[PDB]
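Take a look at the structure set out below.
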Amino acid sequence: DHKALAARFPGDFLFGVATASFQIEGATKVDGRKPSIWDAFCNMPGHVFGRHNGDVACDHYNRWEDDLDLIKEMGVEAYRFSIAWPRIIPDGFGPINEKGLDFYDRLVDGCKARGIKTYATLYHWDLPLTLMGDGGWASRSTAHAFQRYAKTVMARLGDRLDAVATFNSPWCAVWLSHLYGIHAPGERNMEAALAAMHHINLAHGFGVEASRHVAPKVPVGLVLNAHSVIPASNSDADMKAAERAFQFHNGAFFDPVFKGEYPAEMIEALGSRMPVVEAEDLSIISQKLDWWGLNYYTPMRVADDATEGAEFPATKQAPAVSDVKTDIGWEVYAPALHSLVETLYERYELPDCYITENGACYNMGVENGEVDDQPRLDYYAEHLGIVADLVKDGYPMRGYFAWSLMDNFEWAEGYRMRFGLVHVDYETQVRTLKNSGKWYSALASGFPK
Amino acid sequence: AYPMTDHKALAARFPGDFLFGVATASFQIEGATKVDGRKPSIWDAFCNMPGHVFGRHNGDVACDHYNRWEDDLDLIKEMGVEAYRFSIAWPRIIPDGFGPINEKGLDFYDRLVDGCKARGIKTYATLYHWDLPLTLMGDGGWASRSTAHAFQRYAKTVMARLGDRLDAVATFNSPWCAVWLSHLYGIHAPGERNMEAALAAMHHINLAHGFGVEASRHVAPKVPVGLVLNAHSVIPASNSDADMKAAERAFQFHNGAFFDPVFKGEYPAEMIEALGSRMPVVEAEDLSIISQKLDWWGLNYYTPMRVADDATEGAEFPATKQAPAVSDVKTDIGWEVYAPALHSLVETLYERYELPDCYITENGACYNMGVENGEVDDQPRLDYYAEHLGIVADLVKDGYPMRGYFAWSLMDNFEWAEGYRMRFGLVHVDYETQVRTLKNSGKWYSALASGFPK
Ligand SMILES: OCc1ccccc1O[C@@H]1O[C@H](CO)[C@@H](O)[C@H](O)[C@H]1O
Ligand SMILES: OCc1ccccc1O[C@@H]1O[C@H](CO)[C@@H](O)[C@H](O)[C@H]1O
């Protein structure tokens, strides 16, 4: 019941919907945009399901106003979107593409008018391909490229943006992309990943400084998919493994940003293969933030891996406890969100928290002009319940963004996996609000109270 | 009779018109990677991403040939070598792969070619020696058919400017490396390990070659066009039926993937049976384009490929494994020295295919000794040359149309995944000072080559 749920949130609570540039925009060669590492990743056989690419996506570059009208119609207060660096500075470094800035200029103006709050993400994984020439994120220069990019974007949009985040999910851009080979640019090398790790942390810090110089009134944050690490058993071995996993998967980012240091045990094992950490780096990385964003979907269950020569954190996947799974295979276990936030606030000195992503893959389509996606509605009801619990416990939860306004390109899964509150038929580009979306609209429309 | 030097005795075994040359490739020697409109190649990316190249060595400086090319040409001249084989950097000519032509890039090679003409050095240009513009990766690189058309336009652009003076042109150097080593084995840029990607690269590079042949003859019909291939001398571990059949599968996969389309207008049958379903679309005119008649072809040879049958269940075609060397003689990069494998390879190729004239376009050895007392005593490299050149002379005597030979490396340079650690040059380069020092093997090769054309 959406109305009893609404009663559990403070009157000024911020409800939003969220989106990413490469996932929805399409128009990949339009108005001066040059390729991103994801264009290359999609088009090389092997990396992405069906060799699906971002060429058309949801055609949001052309349909952006219709999509803003839809958000307004749903009565959702905030919109979180990302900015395509390949549109703004197509070669990473080099000339600014003013037509690229124009698109986000119109977008933000469109939101301003409609009373929709704007939460921009500067980097949601679409690195300009040209920067790979220098080594991509493995090169320190790429952080300075971002520094210039951040300044350029905020100089134009800073007078109107309600909030900005430098990065979305360093874990993905770092390990999943450079150690595990699953995301662009698809590397599997610890040296490359440790380089990307430090350089993305550094770029974050550069972005905070850049944004505050050109747009000092805009609250600056960082969006992280902190993993809810759960040991497989209560053994000493699994307990210690859970901590190693926490340091590597979360601590690699939270510790430099919020404590100004890398995790000690991780440095002990991996430090010799890290790039140069210069004298000022950790102070730049750990500048104070106005907010932070949590992306949460599913727990990370781990067990000790005793295999000789296993690299830190030396763990392996543990089986799910719940038997409820989404259509992408991810375990549904809401309590893990509670224990995660509790853990983070005990361990770190953190600012206000917004849930910047939470949602579920369920692939049902249209019948009778409707989409009966009850399990997605149940997923939302259950996790929002947890957020309300966290509010009751005294945690500074200020808002919530449902992941995915619409069905879109889902990275290595291509278009086969649907996360949207709004269904998209890729043949016709018709948007159909799903039942979960009608429910979320019903909840969000009562805020501010 | 009275004592005679080995090089003089050797020179007598070659016809008077035999062509001796030295060879280089753009990314290995040029440096100046961000000057005059050049944009990154897949090798700039590959070098700078940790894990791909020794020491993360890159091509930013190399031998600084872009700035020292005239000095290097004067060295060729002093050596009395008739021909120079070099490659042209697509990233300098059309920096985004497609898109605007970079006149400054063309100008460098225009001046280079004029400089060779001025010195009486014959020019053999290679259009593609692995430095694909990075921007083309956006479309899928060699996995995308569009890339063949990008090369086509590039080829036509270069030949329109240079065709009035080039003595010969080759479209590609070593399809095997650009294809399997780069897209299946993950050792060369762009470092993929995927059979679908590799088979796409295979067909589109074969197609690009054909496009390049047509393009070059369209704007420069006088210039002899060829293709440079590292054909592998496949040697079975035994005469067992299992090993003989394995050697044939190996030949089809490693050589036939390229020789059959180019010289027979078809892909190898057994290969197609195993891999055909994962190949890209082959359009109606594709094999006809690929199989245009060539004026010459180039053989790159270094070491044999020894194989035995791999009986492991499900092993991917050609399902082979490594067989042991016959010699314990190896170069500093680890490659078996076995010169007679050059003879049997050439025998085999001329029986199996109808081929034009042959030029040995690469042959040489990795030996890493440096300068002592003003000299480089690289006797084992000299011996490598003396022995392999003996085989080449044997081939001439045996009736094969071997028209020339290019020593691989003019100078020490960037050696792909090995970085600057592996030296292949006839000329030593001290990378701190950029000083060139002709090695003893280089002095020997000069003494041989100086007498030609007789
Ligand atoms: O595979 C990406 C991913 C894995 C684990 C945790 C967060 C993740 O990231 C999120 O995943 C979603 C689903 O593909 C994406 O739509 C979002 O853009 C992304 O931020
Ligand atoms: O690993 C490259 C390679 C392997 C097997 C056959 C030919 C090869 O490529 C050759 O190898 C030489 C040495 O690294 C290079 O200098 C030449 O440019 C190249 O054509």
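Each chain in the structure tokens gets a letter, A, B, ..., in the order shown, and its residues are numbered from 1; ligands are numbered from 1 in order too.
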Practice item. Taking only C-alpha atoms and all ligand atoms into account, report as an NGL selection string which residues have an atom no farther than 8 Å from an atom of ligand 2. Key: :B and (24-25 or 28 or 129 or 173-174 or 177 or 188 or 230 or 300-302 or 362 or 366 or 408-409 or 413-418 or 422 or 424)
For N, CA, C and O atoms, I'd like the residues from the last selection saved as a compact mmCIF listing (two decimals), in the first residue's frame.
# COMPACT_ATOMS: atom_id res chain seq x y z
N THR B 24 62.10 -1.79 -42.71
CA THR B 24 61.63 -1.21 -41.45
C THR B 24 60.09 -1.16 -41.46
O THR B 24 59.47 -1.45 -42.49
N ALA B 25 59.49 -0.78 -40.33
CA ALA B 25 58.05 -0.49 -40.24
C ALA B 25 57.81 0.79 -39.43
O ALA B 25 58.54 1.05 -38.48
N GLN B 28 57.63 1.02 -35.51
CA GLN B 28 58.82 0.50 -34.85
C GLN B 28 59.96 1.51 -34.79
O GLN B 28 60.77 1.46 -33.87
N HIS B 129 51.30 -2.01 -41.84
CA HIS B 129 52.15 -2.83 -40.98
C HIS B 129 51.69 -2.65 -39.53
O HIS B 129 52.47 -2.29 -38.65
N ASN B 173 51.42 -6.29 -44.53
CA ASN B 173 52.51 -7.10 -44.01
C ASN B 173 51.98 -8.07 -42.97
O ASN B 173 51.43 -7.65 -41.95
N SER B 174 52.13 -9.37 -43.23
CA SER B 174 51.78 -10.42 -42.27
C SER B 174 50.33 -10.44 -41.77
O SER B 174 50.08 -10.19 -40.58
N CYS B 177 49.69 -12.21 -38.38
CA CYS B 177 49.83 -11.45 -37.12
C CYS B 177 48.65 -10.51 -36.86
O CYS B 177 48.11 -10.48 -35.75
N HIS B 188 49.07 -9.52 -29.90
CA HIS B 188 49.24 -8.25 -30.60
C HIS B 188 47.97 -7.42 -30.56
O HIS B 188 46.89 -7.96 -30.32
N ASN B 230 53.89 -13.83 -43.75
CA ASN B 230 54.71 -14.77 -43.00
C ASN B 230 54.11 -16.16 -43.11
O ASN B 230 53.40 -16.63 -42.22
N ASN B 300 58.07 -13.45 -45.43
CA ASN B 300 58.75 -13.20 -44.16
C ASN B 300 59.00 -14.56 -43.54
O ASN B 300 58.05 -15.31 -43.29
N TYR B 301 60.28 -14.90 -43.32
CA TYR B 301 60.64 -16.18 -42.71
C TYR B 301 61.67 -16.02 -41.58
O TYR B 301 62.64 -15.26 -41.72
N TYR B 302 61.49 -16.76 -40.49
CA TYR B 302 62.42 -16.69 -39.37
C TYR B 302 62.73 -18.06 -38.80
O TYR B 302 63.88 -18.37 -38.49
N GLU B 362 61.32 -10.25 -45.26
CA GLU B 362 61.90 -10.21 -43.92
C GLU B 362 62.63 -11.51 -43.60
O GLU B 362 62.08 -12.61 -43.75
N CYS B 366 67.25 -12.15 -33.80
CA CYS B 366 67.40 -11.40 -32.56
C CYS B 366 68.67 -11.81 -31.82
O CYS B 366 68.77 -12.94 -31.35
N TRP B 408 65.97 -8.05 -42.38
CA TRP B 408 65.13 -7.55 -41.35
C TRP B 408 66.02 -7.36 -40.10
O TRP B 408 66.62 -8.29 -39.54
N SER B 409 65.75 -6.12 -39.76
CA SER B 409 66.08 -4.82 -39.52
C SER B 409 67.14 -4.04 -39.90
O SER B 409 68.19 -4.44 -39.66
N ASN B 413 65.01 -1.68 -33.04
CA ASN B 413 63.82 -0.86 -32.91
C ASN B 413 62.79 -1.46 -31.96
O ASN B 413 63.07 -2.44 -31.28
N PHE B 414 61.61 -0.85 -31.90
CA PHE B 414 60.52 -1.35 -31.07
C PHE B 414 60.02 -2.70 -31.58
O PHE B 414 59.54 -2.80 -32.71
N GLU B 415 60.15 -3.73 -30.76
CA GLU B 415 59.76 -5.08 -31.18
C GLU B 415 58.44 -5.58 -30.59
O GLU B 415 58.38 -6.63 -29.94
N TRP B 416 57.39 -4.80 -30.83
CA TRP B 416 56.01 -5.17 -30.49
C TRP B 416 55.94 -5.59 -29.04
O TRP B 416 56.42 -4.85 -28.19
N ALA B 417 55.40 -6.77 -28.73
CA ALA B 417 55.23 -7.13 -27.33
C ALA B 417 56.54 -7.24 -26.53
O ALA B 417 56.51 -7.31 -25.29
N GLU B 418 57.68 -7.26 -27.22
CA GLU B 418 58.97 -7.39 -26.54
C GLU B 418 59.58 -6.05 -26.15
O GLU B 418 60.63 -6.02 -25.49
N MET B 422 64.50 -6.60 -27.40
CA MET B 422 64.96 -7.54 -28.43
C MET B 422 65.46 -6.79 -29.66
O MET B 422 64.69 -6.10 -30.33
N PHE B 424 67.01 -6.59 -33.45
CA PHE B 424 66.97 -7.33 -34.72
C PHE B 424 67.79 -6.64 -35.81
O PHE B 424 67.82 -7.11 -36.94
**Study point:** At most 7 Å to chain A: residues in chain B, only C-alpha atoms, as a PyMOL selection string
**Key:** chain B and resi 40-41+44-45+48-51+134-135+137-140+143+194+196-197
Review point. How would you write, as number ranges by chain, the set of residues no farther than 9 Å from ligand 1 when counting only C-alpha atoms and all ligand atoms?
Key: A: 19-20, 23, 124-125, 168-169, 171-172, 176, 182-183, 224-227, 295-298, 328, 357, 359-361, 403-404, 408-414, 417-419
Keeping only N, CA and C atoms, take the residues you just selected and write them out as a tab-separated table (two decimals), in the first residue's frame.
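As written to disk, again.tsv reads:
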chain	number	residue	atom	x	y	z
A	19	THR	N	19.04	7.48	-14.90
A	19	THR	CA	19.27	7.11	-16.27
A	19	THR	C	20.78	7.30	-16.54
A	20	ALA	N	21.31	6.75	-17.64
A	20	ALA	CA	22.71	6.97	-18.02
A	20	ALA	C	22.81	7.28	-19.51
A	23	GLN	N	23.33	4.39	-22.18
A	23	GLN	CA	22.23	3.43	-22.12
A	23	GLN	C	20.96	3.88	-22.84
A	124	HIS	N	29.62	8.24	-16.30
A	124	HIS	CA	28.93	6.95	-16.16
A	124	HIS	C	29.45	6.01	-17.25
A	125	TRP	N	30.79	5.91	-17.34
A	125	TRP	CA	31.53	4.83	-18.03
A	125	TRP	C	31.86	5.06	-19.49
A	168	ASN	N	30.00	7.55	-11.26
A	168	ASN	CA	29.05	6.52	-10.90
A	168	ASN	C	29.80	5.19	-10.86
A	169	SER	N	29.80	4.54	-9.69
A	169	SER	CA	30.32	3.17	-9.55
A	169	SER	C	31.77	2.94	-10.00
A	171	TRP	N	33.76	0.92	-8.74
A	171	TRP	CA	33.95	-0.53	-8.72
A	171	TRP	C	33.81	-1.12	-10.12
A	172	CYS	N	32.80	-0.67	-10.86
A	172	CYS	CA	32.59	-1.17	-12.21
A	172	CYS	C	33.64	-0.67	-13.19
A	176	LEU	N	35.70	-4.30	-12.64
A	176	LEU	CA	34.89	-5.05	-13.59
A	176	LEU	C	35.40	-4.78	-15.00
A	182	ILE	N	34.84	-7.77	-17.92
A	182	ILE	CA	33.42	-7.80	-18.26
A	182	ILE	C	32.89	-6.50	-18.87
A	183	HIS	N	33.45	-5.37	-18.44
A	183	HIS	CA	33.05	-4.07	-18.97
A	183	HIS	C	34.20	-3.43	-19.73
A	224	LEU	N	28.52	5.42	-5.44
A	224	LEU	CA	29.27	4.18	-5.28
A	224	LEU	C	28.36	2.97	-5.14
A	225	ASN	N	28.68	1.90	-5.86
A	225	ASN	CA	27.98	0.64	-5.60
A	225	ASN	C	28.74	-0.12	-4.52
A	226	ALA	N	28.52	0.31	-3.28
A	226	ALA	CA	29.09	-0.35	-2.13
A	226	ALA	C	28.49	-1.74	-2.03
A	227	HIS	N	29.32	-2.75	-1.87
A	227	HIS	CA	28.79	-4.09	-1.78
A	227	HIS	C	28.45	-4.48	-0.35
A	295	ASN	N	24.36	2.90	-4.78
A	295	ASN	CA	23.70	1.98	-5.70
A	295	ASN	C	23.64	0.62	-5.04
A	296	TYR	N	22.44	0.07	-4.89
A	296	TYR	CA	22.27	-1.26	-4.28
A	296	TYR	C	21.28	-2.12	-5.06
A	297	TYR	N	21.65	-3.39	-5.27
A	297	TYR	CA	20.75	-4.34	-5.93
A	297	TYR	C	20.66	-5.67	-5.17
A	298	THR	N	21.82	-6.20	-4.80
A	298	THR	CA	21.92	-7.58	-4.34
A	298	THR	C	23.14	-7.71	-3.44
A	328	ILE	N	17.79	-11.36	-14.33
A	328	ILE	CA	19.20	-11.33	-14.68
A	328	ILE	C	19.99	-12.26	-13.76
A	357	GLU	N	20.65	4.37	-7.06
A	357	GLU	CA	20.17	3.28	-7.89
A	357	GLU	C	19.63	2.13	-7.03
A	359	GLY	N	16.66	-1.19	-8.05
A	359	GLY	CA	15.70	-1.66	-9.03
A	359	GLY	C	15.97	-3.11	-9.36
A	360	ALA	N	15.31	-3.61	-10.40
A	360	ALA	CA	15.33	-5.05	-10.66
A	360	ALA	C	15.07	-5.37	-12.12
A	361	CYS	N	15.74	-6.40	-12.60
A	361	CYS	CA	15.52	-6.90	-13.95
A	361	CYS	C	14.34	-7.85	-13.99
A	403	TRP	N	16.13	2.93	-10.25
A	403	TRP	CA	16.87	2.52	-11.43
A	403	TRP	C	16.07	1.64	-12.31
A	404	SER	N	15.93	2.48	-13.30
A	404	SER	CA	15.67	2.82	-14.61
A	404	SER	C	14.38	3.42	-14.85
A	408	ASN	N	16.53	-0.08	-21.17
A	408	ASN	CA	17.61	0.46	-22.00
A	408	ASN	C	18.73	-0.53	-22.29
A	409	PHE	N	19.79	-0.06	-22.94
A	409	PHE	CA	20.98	-0.87	-23.16
A	409	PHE	C	21.60	-1.23	-21.81
A	410	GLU	N	21.69	-2.52	-21.51
A	410	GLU	CA	22.23	-2.96	-20.24
A	410	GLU	C	23.63	-3.56	-20.35
A	411	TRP	N	24.55	-2.76	-20.88
A	411	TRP	CA	25.97	-3.09	-20.88
A	411	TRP	C	26.23	-4.46	-21.51
A	412	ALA	N	26.94	-5.36	-20.83
A	412	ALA	CA	27.27	-6.65	-21.44
A	412	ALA	C	26.05	-7.49	-21.82
A	413	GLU	N	24.90	-7.19	-21.20
A	413	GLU	CA	23.66	-7.92	-21.50
A	413	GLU	C	22.92	-7.39	-22.73
A	414	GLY	N	23.39	-6.29	-23.30
A	414	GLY	CA	22.68	-5.69	-24.41
A	414	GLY	C	21.26	-5.33	-24.01
A	417	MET	N	17.92	-7.48	-21.15
A	417	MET	CA	17.56	-7.34	-19.74
A	417	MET	C	16.87	-6.01	-19.44
A	418	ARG	N	15.61	-6.07	-19.01
A	418	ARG	CA	14.83	-4.84	-18.79
A	418	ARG	C	14.80	-4.41	-17.31
A	419	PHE	N	15.24	-3.18	-17.02
A	419	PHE	CA	15.21	-2.62	-15.66
A	419	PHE	C	14.24	-1.46	-15.49
Practice item. Find, counting only C-alpha atoms, the residue in B:17, B:214, B:309, B:96 that gets nearest to residue 403 (chain B). Key: B:17
**Study point:** residue 426 (chain A) environment, 10 Å, only C-alpha atoms, sequence neighbours closer than 5 positions dropped, as an MDAnalysis selection string
**Key:** chainID A and resid 56:59 407:408 415 431
Practice item. Using only C-alpha atoms, determine which residues lie at most 7 Å from region 286-288 of chain A, disregarding the query and same-chain residues fewer than 2 positions distant; provide the list as a VMD selection string. Key: chain A and resid 205 256 to 260 282 to 284 290
Check your understanding: Which of these residues is nearest to residue 167 (chain A), using only C-alpha atoms: A:4, A:120, A:184, A:155?
Key -> A:120
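Selecting strand (DSSP E) from the backbone DSSP output for region 68-277 of chain A yields residues 78, 79, 80, 81, 82, 117, 118, 119, 120, 121, 122, 123, 163, 164, 165, 166, 167, 168, 220, 221, 222, 223, 224, 229, 230 and 231 of chain A.
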File of the preceding selection, N, CA and C atoms, as a tab-separated table (two decimals), in the first residue's frame:
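After the write, result27.tsv holds the following:
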chain	number	residue	atom	x	y	z
A	78	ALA	N	12.67	14.43	-8.84
A	78	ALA	CA	14.05	14.56	-9.33
A	78	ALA	C	14.40	13.64	-10.50
A	79	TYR	N	15.35	14.09	-11.32
A	79	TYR	CA	15.87	13.29	-12.43
A	79	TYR	C	17.39	13.22	-12.31
A	80	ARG	N	17.90	11.99	-12.31
A	80	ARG	CA	19.34	11.77	-12.30
A	80	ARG	C	19.75	11.22	-13.67
A	81	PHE	N	20.71	11.88	-14.31
A	81	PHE	CA	21.14	11.51	-15.65
A	81	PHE	C	22.65	11.65	-15.72
A	82	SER	N	23.29	11.10	-16.74
A	82	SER	CA	24.73	11.36	-16.86
A	82	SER	C	25.02	12.16	-18.11
A	117	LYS	N	14.04	18.51	-10.25
A	117	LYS	CA	15.40	18.66	-9.73
A	117	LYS	C	16.40	17.89	-10.59
A	118	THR	N	17.56	18.49	-10.85
A	118	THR	CA	18.57	17.86	-11.69
A	118	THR	C	19.77	17.35	-10.90
A	119	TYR	N	20.03	16.05	-11.02
A	119	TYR	CA	21.21	15.42	-10.44
A	119	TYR	C	22.09	14.86	-11.55
A	120	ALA	N	23.13	15.60	-11.93
A	120	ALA	CA	23.97	15.16	-13.05
A	120	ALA	C	25.14	14.30	-12.58
A	121	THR	N	25.42	13.24	-13.33
A	121	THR	CA	26.62	12.43	-13.12
A	121	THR	C	27.62	12.75	-14.24
A	122	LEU	N	28.84	13.15	-13.89
A	122	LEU	CA	29.81	13.53	-14.91
A	122	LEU	C	30.35	12.32	-15.69
A	123	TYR	N	30.62	11.22	-15.00
A	123	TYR	CA	31.13	10.02	-15.69
A	123	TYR	C	30.34	8.77	-15.32
A	163	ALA	N	22.40	19.23	-8.23
A	163	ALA	CA	23.46	18.43	-7.62
A	163	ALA	C	24.34	17.84	-8.70
A	164	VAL	N	25.58	17.51	-8.35
A	164	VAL	CA	26.46	16.84	-9.29
A	164	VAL	C	27.24	15.75	-8.58
A	165	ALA	N	27.44	14.64	-9.29
A	165	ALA	CA	28.32	13.57	-8.83
A	165	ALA	C	29.41	13.39	-9.87
A	166	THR	N	30.65	13.24	-9.42
A	166	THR	CA	31.77	13.04	-10.34
A	166	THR	C	31.65	11.73	-11.10
A	167	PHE	N	31.63	10.63	-10.34
A	167	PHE	CA	31.60	9.28	-10.90
A	167	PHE	C	30.42	8.48	-10.41
A	168	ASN	N	30.00	7.55	-11.26
A	168	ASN	CA	29.05	6.52	-10.90
A	168	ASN	C	29.80	5.19	-10.86
A	220	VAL	N	28.23	18.66	-4.19
A	220	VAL	CA	29.04	17.70	-4.94
A	220	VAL	C	29.09	16.37	-4.23
A	221	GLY	N	28.87	15.29	-4.98
A	221	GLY	CA	28.91	13.96	-4.41
A	221	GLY	C	29.66	12.95	-5.26
A	222	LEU	N	29.63	11.71	-4.79
A	222	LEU	CA	30.21	10.57	-5.48
A	222	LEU	C	29.23	9.40	-5.34
A	223	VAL	N	28.98	8.70	-6.44
A	223	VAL	CA	28.04	7.58	-6.44
A	223	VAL	C	28.79	6.25	-6.45
A	224	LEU	N	28.52	5.42	-5.44
A	224	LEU	CA	29.27	4.18	-5.28
A	224	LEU	C	28.36	2.97	-5.14
A	229	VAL	N	28.76	-7.07	1.75
A	229	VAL	CA	29.52	-8.32	1.80
A	229	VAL	C	28.99	-9.18	2.94
A	230	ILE	N	28.61	-10.42	2.64
A	230	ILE	CA	28.11	-11.33	3.67
A	230	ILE	C	28.92	-12.63	3.63
A	231	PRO	N	29.57	-13.00	4.75
A	231	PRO	CA	30.33	-14.26	4.75
A	231	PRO	C	29.40	-15.46	4.57
Check your understanding: Could you pull the residues within 6 Å of region 367-384 of chain A, counting only C-alpha atoms, minus those fewer than 5 positions along the same chain, as a PyMOL selection string?
Key -> chain A and resi 334+434-436
Study note, to complete from the structure: Expressed in Å, the length from CA of residue 141 (chain A) to CA of residue 93 (chain A) is 9.6 Å
List the neighbours of residue 279 (chain B) out to 8 Å using only C-alpha atoms; skip same-chain residues closer than 5 positions along the sequence, and give me the result as an mmCIF file with N, CA, C and O atoms, in the first residue's frame.
data_model
loop_
_atom_site.group_PDB
_atom_site.id
_atom_site.type_symbol
_atom_site.label_atom_id
_atom_site.label_comp_id
_atom_site.auth_asym_id
_atom_site.auth_seq_id
_atom_site.Cartn_x
_atom_site.Cartn_y
_atom_site.Cartn_z
ATOM 1 N N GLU B 196 35.167 -15.638 -33.377
ATOM 2 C CA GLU B 196 34.275 -14.828 -34.218
ATOM 3 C C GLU B 196 34.946 -13.531 -34.650
ATOM 4 O O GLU B 196 34.893 -13.144 -35.822
ATOM 5 N N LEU B 199 37.869 -14.473 -37.165
ATOM 6 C CA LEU B 199 37.395 -14.852 -38.497
ATOM 7 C C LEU B 199 36.895 -13.652 -39.282
ATOM 8 O O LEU B 199 37.004 -13.618 -40.512
ATOM 9 N N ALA B 200 36.313 -12.684 -38.571
ATOM 10 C CA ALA B 200 35.877 -11.430 -39.182
ATOM 11 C C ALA B 200 37.101 -10.655 -39.633
ATOM 12 O O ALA B 200 37.145 -10.145 -40.756
ATOM 13 N N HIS B 203 38.642 -12.351 -42.868
ATOM 14 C CA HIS B 203 37.973 -12.038 -44.125
ATOM 15 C C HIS B 203 38.109 -10.576 -44.523
ATOM 16 O O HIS B 203 38.318 -10.269 -45.697
#
